[PDB]
>>> print(open('my_file-v8.cif').read())   # mmCIF, C-alpha atoms
data_final
loop_
_atom_site.label_atom_id
_atom_site.label_comp_id
_atom_site.auth_asym_id
_atom_site.auth_seq_id
_atom_site.Cartn_x
_atom_site.Cartn_y
_atom_site.Cartn_z
CA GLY E 1 0.00 0.00 0.00
CA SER E 2 0.88 3.69 0.11
CA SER E 3 0.93 6.48 2.71
CA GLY E 4 -1.65 8.56 0.88
CA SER E 5 -4.55 7.63 -1.39
CA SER E 6 -4.42 8.36 -5.13
CA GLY E 7 -5.77 11.85 -5.75
CA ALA E 8 -5.54 14.44 -8.51
CA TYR E 9 -3.51 17.63 -8.07
CA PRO E 10 -2.27 20.72 -9.95
CA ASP E 11 0.97 19.51 -11.52
CA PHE E 12 2.59 18.68 -14.86
CA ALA E 13 3.65 15.06 -15.32
CA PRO E 14 6.73 14.47 -17.51
CA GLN E 15 5.14 11.22 -18.69
CA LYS E 16 2.22 11.11 -21.12
CA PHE E 17 -0.90 9.05 -20.40
CA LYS E 18 -0.28 5.41 -21.29
CA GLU E 19 -2.75 2.70 -22.30
CA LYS E 20 -4.36 0.65 -19.53
CA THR E 21 -1.76 -1.85 -18.32
CA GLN E 22 -2.71 -5.53 -18.38
CA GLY E 23 -2.40 -5.66 -14.60
CA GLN E 24 -4.74 -2.72 -14.05
CA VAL E 25 -7.43 -3.94 -16.43
CA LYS E 26 -7.15 -7.38 -14.84
CA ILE E 27 -7.77 -5.86 -11.41
CA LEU E 28 -10.85 -4.02 -12.66
CA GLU E 29 -12.29 -6.94 -14.63
CA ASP E 30 -12.23 -9.05 -11.47
CA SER E 31 -14.48 -6.49 -9.79
CA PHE E 32 -16.64 -5.55 -12.78
CA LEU E 33 -17.22 -9.12 -13.95
CA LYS E 34 -18.71 -9.64 -10.49
CA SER E 35 -20.57 -6.35 -10.13
CA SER E 36 -20.85 -3.86 -13.00
CA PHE E 37 -21.43 -1.08 -10.47
CA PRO E 38 -18.63 -1.13 -7.86
CA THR E 39 -19.10 0.15 -4.31
CA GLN E 40 -17.23 2.95 -2.55
CA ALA E 41 -15.06 0.34 -0.84
CA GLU E 42 -14.49 -1.55 -4.09
CA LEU E 43 -13.56 1.41 -6.29
CA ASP E 44 -11.33 2.73 -3.51
CA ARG E 45 -9.27 -0.45 -3.84
CA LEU E 46 -9.52 -0.31 -7.63
CA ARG E 47 -8.01 3.17 -8.00
CA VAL E 48 -5.18 2.63 -5.52
CA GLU E 49 -4.46 -0.86 -6.87
CA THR E 50 -4.68 0.03 -10.56
CA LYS E 51 -3.09 3.34 -9.57
CA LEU E 52 -5.87 5.29 -11.29
CA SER E 53 -8.37 8.02 -10.43
CA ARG E 54 -12.16 7.96 -10.07
CA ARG E 55 -12.61 9.63 -13.46
CA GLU E 56 -10.01 7.40 -15.11
CA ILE E 57 -11.84 4.21 -14.12
CA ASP E 58 -15.26 5.81 -14.62
CA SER E 59 -14.49 5.63 -18.35
CA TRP E 60 -13.38 1.99 -18.29
CA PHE E 61 -16.52 0.85 -16.48
CA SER E 62 -18.75 3.23 -18.44
CA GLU E 63 -17.63 1.59 -21.68
CA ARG E 64 -17.30 -1.92 -20.24
CA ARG E 65 -21.09 -1.84 -19.93
CA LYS E 66 -21.59 -0.90 -23.58
CA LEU E 67 -19.94 -4.21 -24.46
CA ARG E 68 -22.27 -6.13 -22.14
CA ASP E 69 -25.36 -4.30 -23.39
CA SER E 70 -24.70 -5.55 -26.92
CA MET E 71 -26.79 -2.75 -28.41
CA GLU E 72 -29.78 -3.75 -26.29
CA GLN E 73 -32.79 -1.66 -25.26
CA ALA E 74 -31.59 0.36 -22.27
CA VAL E 75 -31.99 3.96 -21.10
CA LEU E 76 -28.85 6.11 -21.03
CA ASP E 77 -27.77 9.71 -20.46
CA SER E 78 -26.58 12.16 -23.11
CA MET E 79 -23.18 13.84 -23.27
CA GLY E 80 -20.84 15.50 -25.76
CA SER E 81 -17.49 17.29 -25.70
CA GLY E 82 -14.81 18.52 -28.08
CA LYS E 83 -11.08 18.13 -27.48
CA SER E 84 -8.25 19.08 -29.82
CA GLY E 85 -4.49 19.61 -29.84
CA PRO E 86 -2.35 16.95 -31.56
CA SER E 87 -2.23 16.47 -35.33
CA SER E 88 -4.34 13.89 -37.17
CA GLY E 89 -7.02 14.14 -34.49
#
>>> encode(input="my_file-v8.cif", output="structure tokens")
Amino acid sequence: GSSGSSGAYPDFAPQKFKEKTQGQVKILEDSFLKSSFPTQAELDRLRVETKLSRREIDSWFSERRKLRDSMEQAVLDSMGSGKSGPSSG
């Protein structure tokens, strides 16, 4: 474990965001596979373990469901954003 939990903060990391590491994903799958919607306690262990943040995971799980739904009849919320910067994007 660590002295302090994993939390966001105002700083510039010299390393760019990398794809989800096998280990991390594996840790999440174990939880998700069991319960799509993790509990405070669960997630808490997910972030620290996978070394990710609430938002970070939020995406993984959010999408993970889409795969399970299989384009089935289910109510969902609406959202849309626009991000730019790098070339060919």
>>> closest_residue(input="my_file-v8.cif", among="E:89, E:32, E:49, E:81", to="residue 62 in chain E", atoms="only C-alpha atoms")
E:32
>>> resolve_selection(input="my_file-v8.cif", expression="the PyMOL selection byres ((chain E and resi 51) around 12)", output="CSV table (one decimal) with C-alpha atoms, in the coordinates of the input")
chain,number,residue,atom,x,y,z
E,1,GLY,CA,0.0,0.0,0.0
E,2,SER,CA,0.9,3.7,0.1
E,4,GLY,CA,-1.6,8.6,0.9
E,5,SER,CA,-4.6,7.6,-1.4
E,6,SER,CA,-4.4,8.4,-5.1
E,7,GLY,CA,-5.8,11.8,-5.8
E,8,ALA,CA,-5.5,14.4,-8.5
E,20,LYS,CA,-4.4,0.6,-19.5
E,21,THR,CA,-1.8,-1.8,-18.3
E,23,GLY,CA,-2.4,-5.7,-14.6
E,24,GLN,CA,-4.7,-2.7,-14.0
E,25,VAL,CA,-7.4,-3.9,-16.4
E,27,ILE,CA,-7.8,-5.9,-11.4
E,28,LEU,CA,-10.8,-4.0,-12.7
E,43,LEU,CA,-13.6,1.4,-6.3
E,44,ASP,CA,-11.3,2.7,-3.5
E,45,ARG,CA,-9.3,-0.4,-3.8
E,46,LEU,CA,-9.5,-0.3,-7.6
E,47,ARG,CA,-8.0,3.2,-8.0
E,48,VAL,CA,-5.2,2.6,-5.5
E,49,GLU,CA,-4.5,-0.9,-6.9
E,50,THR,CA,-4.7,0.0,-10.6
E,52,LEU,CA,-5.9,5.3,-11.3
E,53,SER,CA,-8.4,8.0,-10.4
E,54,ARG,CA,-12.2,8.0,-10.1
E,56,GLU,CA,-10.0,7.4,-15.1
E,57,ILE,CA,-11.8,4.2,-14.1
>>> closest_residue(input="my_file-v8.cif", among="E:33, E:79, E:41, E:13", to="residue 67 in chain E", atoms="only C-alpha atoms")
E:33
>>> closest_residue(input="my_file-v8.cif", among="E:55, E:82, E:19, E:36", to="residue 69 in chain E", atoms="all atoms listed in the file")
E:36
>>> atom_distance(input="my_file-v8.cif", atom1="CA of residue 29 in chain E", atom2="CA of residue 60 in chain E")
9.7 Å
>>> axis_aligned_box(input="my_file-v8.cif", around="range 15-30 of chain E", padding_each_side="3 Å", output="lines of an AutoDock Vina configuration file")
center_x = -3.6
center_y = 1.1
center_z = -16.9
size_x = 23.4
size_y = 26.3
size_z = 16.9
>>> atom_distance(input="my_file-v8.cif", atom1="CA of residue 42 in chain E", atom2="CA of residue 74 in chain E")
25.0 Å
>>> closest_residue(input="my_file-v8.cif", among="E:31, E:10, E:22, E:85", to="residue 64 in chain E", atoms="only C-alpha atoms")
E:31
>>> atom_distance(input="my_file-v8.cif", atom1="CA of residue 38 in chain E", atom2="CA of residue 61 in chain E")
9.1 Å
>>> build_atoms(input="my_file-v8.cif", residues="range 54-76 of chain E", atoms="N, CA, C and O atoms", output="PDB file, in the frame of the given file")
ATOM      1  N   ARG E  54     -10.728   8.201  -9.894  1.00  0.00           N
ATOM      2  CA  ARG E  54     -12.160   7.960 -10.070  1.00  0.00           C
ATOM      3  C   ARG E  54     -12.558   8.146 -11.532  1.00  0.00           C
ATOM      4  O   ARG E  54     -13.113   7.239 -12.154  1.00  0.00           O
ATOM      5  N   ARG E  55     -12.277   9.327 -12.075  1.00  0.00           N
ATOM      6  CA  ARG E  55     -12.610   9.630 -13.460  1.00  0.00           C
ATOM      7  C   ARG E  55     -12.010   8.596 -14.405  1.00  0.00           C
ATOM      8  O   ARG E  55     -12.709   8.022 -15.238  1.00  0.00           O
ATOM      9  N   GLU E  56     -10.709   8.364 -14.269  1.00  0.00           N
ATOM     10  CA  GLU E  56     -10.010   7.400 -15.110  1.00  0.00           C
ATOM     11  C   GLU E  56     -10.825   6.114 -15.253  1.00  0.00           C
ATOM     12  O   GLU E  56     -11.213   5.733 -16.356  1.00  0.00           O
ATOM     13  N   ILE E  57     -11.076   5.454 -14.127  1.00  0.00           N
ATOM     14  CA  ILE E  57     -11.840   4.210 -14.120  1.00  0.00           C
ATOM     15  C   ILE E  57     -13.248   4.435 -14.668  1.00  0.00           C
ATOM     16  O   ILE E  57     -13.730   3.673 -15.506  1.00  0.00           O
ATOM     17  N   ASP E  58     -13.904   5.484 -14.184  1.00  0.00           N
ATOM     18  CA  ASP E  58     -15.260   5.810 -14.620  1.00  0.00           C
ATOM     19  C   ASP E  58     -15.436   5.500 -16.106  1.00  0.00           C
ATOM     20  O   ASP E  58     -16.456   4.944 -16.514  1.00  0.00           O
ATOM     21  N   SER E  59     -14.440   5.865 -16.906  1.00  0.00           N
ATOM     22  CA  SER E  59     -14.490   5.630 -18.350  1.00  0.00           C
ATOM     23  C   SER E  59     -14.472   4.134 -18.652  1.00  0.00           C
ATOM     24  O   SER E  59     -15.314   3.634 -19.396  1.00  0.00           O
ATOM     25  N   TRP E  60     -13.506   3.432 -18.074  1.00  0.00           N
ATOM     26  CA  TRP E  60     -13.380   1.990 -18.290  1.00  0.00           C
ATOM     27  C   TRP E  60     -14.704   1.286 -18.040  1.00  0.00           C
ATOM     28  O   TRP E  60     -15.219   0.589 -18.916  1.00  0.00           O
ATOM     29  N   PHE E  61     -15.253   1.468 -16.845  1.00  0.00           N
ATOM     30  CA  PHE E  61     -16.520   0.850 -16.480  1.00  0.00           C
ATOM     31  C   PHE E  61     -17.644   1.326 -17.398  1.00  0.00           C
ATOM     32  O   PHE E  61     -18.421   0.526 -17.917  1.00  0.00           O
ATOM     33  N   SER E  62     -17.720   2.640 -17.589  1.00  0.00           N
ATOM     34  CA  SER E  62     -18.750   3.230 -18.440  1.00  0.00           C
ATOM     35  C   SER E  62     -18.837   2.498 -19.773  1.00  0.00           C
ATOM     36  O   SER E  62     -19.925   2.148 -20.231  1.00  0.00           O
ATOM     37  N   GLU E  63     -17.682   2.274 -20.393  1.00  0.00           N
ATOM     38  CA  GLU E  63     -17.630   1.590 -21.680  1.00  0.00           C
ATOM     39  C   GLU E  63     -17.849   0.087 -21.502  1.00  0.00           C
ATOM     40  O   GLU E  63     -18.605  -0.533 -22.249  1.00  0.00           O
ATOM     41  N   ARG E  64     -17.179  -0.492 -20.510  1.00  0.00           N
ATOM     42  CA  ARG E  64     -17.300  -1.920 -20.240  1.00  0.00           C
ATOM     43  C   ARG E  64     -18.753  -2.372 -20.342  1.00  0.00           C
ATOM     44  O   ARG E  64     -19.038  -3.466 -20.825  1.00  0.00           O
ATOM     45  N   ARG E  65     -19.666  -1.523 -19.885  1.00  0.00           N
ATOM     46  CA  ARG E  65     -21.090  -1.840 -19.930  1.00  0.00           C
ATOM     47  C   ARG E  65     -21.587  -1.916 -21.368  1.00  0.00           C
ATOM     48  O   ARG E  65     -22.315  -2.837 -21.735  1.00  0.00           O
ATOM     49  N   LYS E  66     -21.190  -0.941 -22.180  1.00  0.00           N
ATOM     50  CA  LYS E  66     -21.590  -0.900 -23.580  1.00  0.00           C
ATOM     51  C   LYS E  66     -21.370  -2.252 -24.251  1.00  0.00           C
ATOM     52  O   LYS E  66     -22.177  -2.689 -25.072  1.00  0.00           O
ATOM     53  N   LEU E  67     -20.272  -2.907 -23.896  1.00  0.00           N
ATOM     54  CA  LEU E  67     -19.940  -4.210 -24.460  1.00  0.00           C
ATOM     55  C   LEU E  67     -20.923  -5.277 -23.983  1.00  0.00           C
ATOM     56  O   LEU E  67     -21.301  -6.172 -24.739  1.00  0.00           O
ATOM     57  N   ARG E  68     -21.331  -5.173 -22.723  1.00  0.00           N
ATOM     58  CA  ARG E  68     -22.270  -6.130 -22.140  1.00  0.00           C
ATOM     59  C   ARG E  68     -23.675  -5.910 -22.690  1.00  0.00           C
ATOM     60  O   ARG E  68     -24.409  -6.867 -22.942  1.00  0.00           O
ATOM     61  N   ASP E  69     -24.046  -4.647 -22.873  1.00  0.00           N
ATOM     62  CA  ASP E  69     -25.360  -4.300 -23.390  1.00  0.00           C
ATOM     63  C   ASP E  69     -25.607  -4.973 -24.741  1.00  0.00           C
ATOM     64  O   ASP E  69     -26.691  -5.494 -25.001  1.00  0.00           O
ATOM     65  N   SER E  70     -24.591  -4.951 -25.598  1.00  0.00           N
ATOM     66  CA  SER E  70     -24.700  -5.550 -26.920  1.00  0.00           C
ATOM     67  C   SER E  70     -25.773  -4.856 -27.750  1.00  0.00           C
ATOM     68  O   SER E  70     -26.554  -5.507 -28.445  1.00  0.00           O
ATOM     69  N   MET E  71     -25.810  -3.530 -27.668  1.00  0.00           N
ATOM     70  CA  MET E  71     -26.790  -2.750 -28.410  1.00  0.00           C
ATOM     71  C   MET E  71     -28.211  -3.174 -28.053  1.00  0.00           C
ATOM     72  O   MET E  71     -29.055  -3.350 -28.931  1.00  0.00           O
ATOM     73  N   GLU E  72     -28.467  -3.339 -26.758  1.00  0.00           N
ATOM     74  CA  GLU E  72     -29.780  -3.750 -26.290  1.00  0.00           C
ATOM     75  C   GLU E  72     -30.598  -2.539 -25.829  1.00  0.00           C
ATOM     76  O   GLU E  72     -30.050  -1.460 -25.606  1.00  0.00           O
ATOM     77  N   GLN E  73     -31.905  -2.731 -25.690  1.00  0.00           N
ATOM     78  CA  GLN E  73     -32.790  -1.660 -25.260  1.00  0.00           C
ATOM     79  C   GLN E  73     -32.523  -1.277 -23.808  1.00  0.00           C
ATOM     80  O   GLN E  73     -32.871  -2.016 -22.887  1.00  0.00           O
ATOM     81  N   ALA E  74     -31.901  -0.119 -23.611  1.00  0.00           N
ATOM     82  CA  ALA E  74     -31.590   0.360 -22.270  1.00  0.00           C
ATOM     83  C   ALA E  74     -31.452   1.879 -22.248  1.00  0.00           C
ATOM     84  O   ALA E  74     -30.826   2.470 -23.129  1.00  0.00           O
ATOM     85  N   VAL E  75     -32.042   2.506 -21.236  1.00  0.00           N
ATOM     86  CA  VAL E  75     -31.990   3.960 -21.100  1.00  0.00           C
ATOM     87  C   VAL E  75     -30.583   4.422 -20.734  1.00  0.00           C
ATOM     88  O   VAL E  75     -29.885   3.772 -19.953  1.00  0.00           O
ATOM     89  N   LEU E  76     -30.172   5.550 -21.300  1.00  0.00           N
ATOM     90  CA  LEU E  76     -28.850   6.110 -21.030  1.00  0.00           C
ATOM     91  C   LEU E  76     -28.878   7.630 -21.077  1.00  0.00           C
ATOM     92  O   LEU E  76     -29.798   8.227 -21.640  1.00  0.00           O
TER      93      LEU E  76
END
